[PDB]
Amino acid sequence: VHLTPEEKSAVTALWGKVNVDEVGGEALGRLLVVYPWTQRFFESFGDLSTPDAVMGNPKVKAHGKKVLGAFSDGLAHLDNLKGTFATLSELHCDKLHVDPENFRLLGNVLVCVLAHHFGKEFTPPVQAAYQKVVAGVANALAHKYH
């Protein structure tokens, strides 16, 4: 991912302020509510029948934190996203059969959650920098299709 120095600084500084206990769970929860077919991949989580059931589900919160950890790993290796996400791409693509459009959807829901948490501080240039990051993560996760 090609980020300007000012974009790299803005991304890193905002990321340091992210509530790690909440943001990942809110992003995964919102994916499950906004794109309900994604719930098919999480039958082991139990009740996901209402937005409140999804958002208060401890498995969504815990899994969301793991997803947030993977985006964090992406931000630490923007020059080698393919290598970083290689085993995760194998898991999603060969074992889970997640259609790659869903990776773009989750990236964009994460951006919505960042805007929801940061308000007006999630400025159009800060968003533009995050859009480069989430596109990069989504493409790296889809790399093992062929």
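Rigid core: the largest C-alpha set superposing within 1.5 Å between the two forms. Position 1 is the first residue in the sequence shown; the rest follow in order.
Visitor: Core-superposed in 5 other deposited structures of this protein, which stretch deviates more in Cα positions, 13-21 or 131-139?
Guide: Clearly, after the core fit, the stretch farther away in 5 other deposited structures of this protein is 13-21.
Visitor: State which stretch shows the higher mean Cα B factor in the entry: 13-21 or 134-142.
Guide: On average, C-alpha B-factors are higher across 13-21.
Visitor: With respect to the recorded C-alpha B factors, which stretch has the higher mean value, 117-125 or 98-106?
Guide: Mean B over CA atoms: larger for 117-125.
Visitor: Which has the highest CA B-factor per the PDB entry: 92, 61, 82, 40?
Guide: Answer for 92, 61, 82, 40: 82, with the highest C-alpha B-factor.
Visitor: In terms of recorded Cα temperature factor, pick the maximum from 34, 28, 86, 112.
Guide: Of the options given, 86 has the highest CA B-factor in the PDB entry.
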